[PDB]
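A look at the structure
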Amino acid sequence: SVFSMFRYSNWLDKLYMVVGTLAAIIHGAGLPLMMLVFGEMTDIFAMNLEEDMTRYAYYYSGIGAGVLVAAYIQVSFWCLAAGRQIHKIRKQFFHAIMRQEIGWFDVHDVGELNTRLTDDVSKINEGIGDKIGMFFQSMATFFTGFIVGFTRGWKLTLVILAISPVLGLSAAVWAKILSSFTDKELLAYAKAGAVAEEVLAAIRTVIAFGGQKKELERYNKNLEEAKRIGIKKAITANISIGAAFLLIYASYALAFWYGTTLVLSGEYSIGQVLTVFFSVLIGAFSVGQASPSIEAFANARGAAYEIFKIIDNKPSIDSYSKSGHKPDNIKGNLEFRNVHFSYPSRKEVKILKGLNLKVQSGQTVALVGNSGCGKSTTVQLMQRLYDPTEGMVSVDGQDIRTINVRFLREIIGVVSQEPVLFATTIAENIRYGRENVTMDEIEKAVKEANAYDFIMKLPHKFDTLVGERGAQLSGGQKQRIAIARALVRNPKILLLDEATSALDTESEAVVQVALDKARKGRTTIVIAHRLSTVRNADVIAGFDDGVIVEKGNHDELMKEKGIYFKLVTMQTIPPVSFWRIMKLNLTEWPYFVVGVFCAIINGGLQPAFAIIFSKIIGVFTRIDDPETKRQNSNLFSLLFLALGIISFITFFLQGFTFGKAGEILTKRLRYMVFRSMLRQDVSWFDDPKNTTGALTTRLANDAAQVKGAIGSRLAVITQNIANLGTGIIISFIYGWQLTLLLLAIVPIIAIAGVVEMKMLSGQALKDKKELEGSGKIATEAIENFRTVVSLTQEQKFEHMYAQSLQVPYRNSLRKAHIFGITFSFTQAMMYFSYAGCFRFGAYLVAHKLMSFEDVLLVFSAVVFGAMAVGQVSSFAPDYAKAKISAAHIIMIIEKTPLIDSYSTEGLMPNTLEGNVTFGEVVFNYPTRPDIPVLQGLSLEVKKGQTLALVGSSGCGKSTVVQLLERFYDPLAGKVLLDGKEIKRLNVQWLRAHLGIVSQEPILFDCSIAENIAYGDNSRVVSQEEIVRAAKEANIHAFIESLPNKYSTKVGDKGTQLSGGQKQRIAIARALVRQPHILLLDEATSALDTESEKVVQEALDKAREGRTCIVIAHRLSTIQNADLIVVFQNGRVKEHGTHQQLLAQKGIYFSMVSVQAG
Ligand SMILES: Nc1ncnc2c1ncn2[C@@H]1O[C@H](COP(=O)(O)OP(=O)(O)OP(O)(O)=S)[C@@H](O)[C@H]1O
Ligand SMILES: Nc1ncnc2c1ncn2[C@@H]1O[C@H](COP(=O)(O)OP(=O)(O)OP(O)(O)=S)[C@@H](O)[C@H]1O
Ligand SMILES: [Mg+2]
Ligand SMILES: [Mg+2]
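In space, the four strands of this open sheet follow the order 2-1-4-5, with antiparallel pairing throughout. Each edge of the sheet is formed by a strand with only one pairing partner; in this case those strands are strand 2 (352-359) and strand 5 (398-399).

Structure, rendered in structure tokens:
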């Protein structure tokens, strides 16, 4: 449970921690040892000074070198240990994420995970770093001061000590509370990150439907809750230190009241009391030094909760286990028997009510039925993605649950219904099928899958960089690449899930011939809705209610006049000083004013304790009337109490006004940044440097890095600067000629700080540039887990992540040495200065240039700034990283796009009739400028007409759809809506009228009702309209049959539904707007013949009154089109009515002559 974050420590890390703790103890035992000679001189003061102060200077000079070594040994080893354990924890967390099963991904939300690697890990990196060394040093100083107090005093030290246990108990309680608070804060941040990645992954649909504001508010709610938690966290963290300081000062007042009895009892001398006080009081500031370390440790302990909860889990179907069975001569034989299955998300519904199947080697089985019977369900069940509730699945007699999972999945080549590619080159995507593949095999596969032509046509032939999820390829090229990826594997069992949809007739024929050439040695399962591809199948079977009903050859099933017969008959780099972020925080200026004033008050009091001590020294060395000693000293007994009451008031506010002011700004720093990328042009998201992982990592990383240096950590920096200023002013006022000696070392410390800052600033930029690359791989593997599991590429992704985590590891190791050396230098130069100042004070009192009663005061005041100097020097890395973080935040905020979604300038005509005119339009994509996709096309559409765009795959038919929505602007030519340029028209007004259906629809993680209602924004869509649209899309019956009718959540990108169901939902979403212009892009690609007829009749009924542009391959849909436009290398070569182009025996005639039985 506790100390669970150190469970990846070797012998070396334990050695590092042990030696670092010892060095911290030695280094912290330095300051209390300097008070012995202080008290001895004070007692003697109540031929010898030049004999004593010189040996005191000798001792100080020796302690200086001791500290010089000990501080480095303390800092560097702890930093190295923290870096190594952080690297191991990251690596093992990713490994444990890879080990989970598909059902776990379905039940849980993976959106949190991507933001748990970046932020949640980093917080741990602060709790187990050098902060533990600082806490150990503070504890050592506390105990050494109390030990020397015991040696020089018996009862006063015990009286002071009598109040330590309550302080420890209070610290423990507050740490426990805020550790619990940190968990909820991090959970809220995780929810915000999940929303951010969900919005960023489907940016094209969000831009198309103009739903930026709704997603912005949905993201802002979680930030508001995070701020609400952070305020309470700051409040309790501040009370933790305020109560401690108040108790310390009350204890000091009681101790002084007791010690004033020296005059009456006579047991002790004034020198002993002065020694005891001056030695004990160092612990009073050691507690304040220690508290932030406890805060950071509690934060890290609260952060490790979910990380180790995830790692501690154990899957049921583990792909990494090698304890399975495996055969050698595997023959192709598939056997389903009494398979009952239900998905984990919806356990109540039954999908397979018991089916049986037998497939022999060299056999092609086709499964035919309506949408929702469970064809893809049994395809997934074959790969052992899920385990059936009842019955068993076997290959060659042996049960699936017995043989090895990795071996079983390595002999199955699967093409899923919707291919998913990765953000790499084409060659790497092909090579992902099998690791050890030569170029010859890849060439053979891409020739067999009919993908050789367009690959050679592109520049960077086999190194062309595809986008995320293969978004930079076409709709058919993606499917061909997936087919080639499956064919590289050379599998015993091949499973195709409608791999013949996007391909046209020629490519389909080529692929079918190539596949049938080597059909004898394979076992094959094919899922298809077209029936021409099923004609040449070895055996055809029919689904109904999840159970198989029909079997046999084509002729036998036709004679059986069953489902198959019915279907056949129906078919007939600017650096910024971060002071700009300070200026951005201007609105909360009173908080800063109160914080600075309070910090000045409570920081400049510790040196003033030297003046107080000198005054109570003088009150003892009076001449007469001891009664005033009972009286005057009594006055001081009040003062120590009074300060405490102020201290509680001050040490609270100093942290609060600052701590709150950070929480206000951090939210404002995210809310704006997300408001900026949500505005950027689509071409900005095509930049390889910008990917969902990079953006989602940046969102958390920039704000966290700024908050690290901008938060309550600045309060202690201000306090310590005030302490140094008060000390130097006190030394300048009472003493003199010694402030110059103390300032003689400022240039050296300044040079050390400058060089440290320069080196850390050089390091941080290179670390930041690679952290995004580290996060991209994590998000790319997380979002496409089904494809990765099916390809068994879990080891390669883990290796790539480990390779990406390399440079930050080296930078973290080097930072340890750099920081340790600088810390030791600045910590030792000041002890050397103390020795020099003591010697010079001895000389000055020898020459009668200045008394010793006041150089005593000067030394006492100056020595109190050692811990302050240490704290100030411990602020380098935070500012070093926050500088570039603020620079990048300002850069992203100040950027403006070219096509502004938020702008209001433009023309918004009252009425439009709906003419579309493309005139001599040429266009080139930004990522591949050299490739011409459109070469001067012209398109004319009037109101109440339907245009069908046809052509070979990759001819630019969806490019016009992208252009009409103003995703990109053409290089030349003209685009006119109602005789007016779209450039002059308003962008949001243009996008609010026309609705589109993408080539591959993407939904969101919410209910079906909200998914349908998302079509029309800036309006509350009534439930009646939603139901009417669902009925018009022929999905109302299925939705109503579903338990939790309209409240069932659709999974990430719409995976809890079949392809046809979510395509119908997308059509319904597009039809809610009742758009004046409709853009259909393969809307009927995956639809049953009944849903197709219903949707077609619905669109035909309301054809008059609106404009529609359809892109399709099925010629039956194109039959009803008013006019048809044929593409040819970008140009439009044929245009006219159906009959006119029927007479002109061109490409359309070629496509219609091939669909004849
Ligand atoms: N991951 C999932 N979790 C829960 N239910 C699911 C999931 N995937 C699919 N379903 C349900 O399974 C049923 C149909 O799923 P599928 O087996 O994919 O249908 P299908 O045969 O693939 O349809 P076609 O022929 O591909 S258009 C529907 O009721 C879906 O809601
Ligand atoms: N983001 C992109 N950057 C550069 N080129 C792209 C991008 N997306 C697509 N292309 C190319 O532009 C052409 C247009 O094809 P796509 O619109 O992607 O799909 P498609 O198969 O052509 O569908 P249509 O309707 O026929 S255009 C193809 O040559 C694609 O390879
Ligand atoms: Mg399917
Ligand atoms: Mg296409």
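Turning our attention to the coordination of the magnesium ion (ligand 3). Protein coordination at the magnesium ion (ligand 3) comes from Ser376 (OG) and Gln417 (OE1), with a distance range of 2.1 Å. Placement of the pair is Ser376 in helix 13 (residues 375-382) and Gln417 in the loop between strand 6 (412-415) and helix 15 (426-431), with a sequence separation of 41 residues. Judged by relative accessible area, which is 22%, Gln417 ranks as partly exposed.

Put simply, the second largest cavity is a space of about 220 Å³. Lining of the second largest cavity is provided by 19 residues; of these, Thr946, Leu1080, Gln1096, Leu1099 and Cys1108 occupy positions nearest its centre. Every element with two or more residues in the lining of the second largest cavity is listed here: helix 44 (1089-1101) and strand 18 (1107-1111). Looking at side-chain class alone, the lining of the second largest cavity contains seven nonpolar, seven polar and five charged residues.

It helps to recall that an α-helix has 3.6 residues per turn; residues three or four apart then point in one direction. Across its 19 residues, helix 28 (residues 692-710) extends 27 Å between first and last C-alpha, which sits within 8% of the 27 Å expected from 1.5 Å per residue. The buried count for helix 28 comes to 15 of 19 residues, which makes it a mostly enclosed element.

For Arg384, which is not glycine, the phi torsion reads 55° and is therefore positive. Relative to the assigned elements, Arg384 resides in the loop between helix 13 and strand 4 (390-395). Of the residues examined, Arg384 reaches a relative accessible area of 10% and is grouped as buried.

Turning our eyes to something else, we now look at the site of ligand 1. Every one of the 21 residues lining ligand 1 counts as a neighbour, but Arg346, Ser376, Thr377, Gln417 and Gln1056 are closest to it. Within the contact set of ligand 1, an oxygen atom lies 2.9 Å away from a side-chain nitrogen or oxygen of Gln417. Burial of ligand 1 by the surrounding chains reaches 94%, relative to a free accessible area of 640 Å². Those elements that place two or more of their residues in the shell around ligand 1 are helix 13 and helix 43 (1059-1071). A total of three residues in the shell around ligand 1 trace back to one element, the largest contributor, which is helix 13.

By way of backbone hydrogen bonds, the strands of a sheet pair with one another, either parallel or antiparallel. The six strands are arranged 16-17-18-13-19-20 in an open sheet whose pairing can be described as mixed. The open sheet has two free edges, formed respectively by strand 16 (995-997) and strand 20 (1131-1136), since each of these has just one partner strand. Taking the axes of each pair of neighbouring strands and ignoring which way they run, one obtains an average angle of 15° across the sheet. Relative to strand 17 (residues 1077-1081), strand 16 is paired through three bridges, and the arrangement is parallel. When the sheet's bridge partners are listed, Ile996 is paired in strand 17 with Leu1079.

How each quantity is defined
Residues numbered from 1 in each chain as written, not as in the entry; some residues may be left out. Chains lettered and ligands numbered in written order. Heavy atoms only, no water. Residues with missing side-chain atoms left out of burial classes, pairs and counts. Pairing = 2+ DSSP bridges. Helix = DSSP H or I, 4+ residues; strand = E, 2+ residues; numbered from the N terminus. Donors = N, O, S within 2.8 Å, 3.2 Å for Na, K, Ca; no water. Buried < 20%, exposed > 50% of the residue type's maximum accessible area, 1.4 Å probe, protein only. 1 Å grid on protein atoms, 1.4 Å probe; cavity = no way out; pocket = protein on both sides within 12 Å on 5 of 7 lines; lining within 4 Å. Points joined across faces, edges and corners; volume = space filled by probe spheres on them. Nonpolar A, V, L, I, M, F, W, Y, C, P; charged D, E, K, R; others polar. Expected span 1.5 Å × (residues − 1). Near = heavy atom within 4 Å. Polar contact = N/O pair within 3.5 Å; in protein donor to acceptor, adjacent residues only side chain to side chain. Areas by Shrake-Rupley, 256 points an atom, 1.4 Å probe, with all protein chains shown as cover. Axes fitted to C-alpha atoms, helices over the stretch in contact; angles between N-to-C directions.

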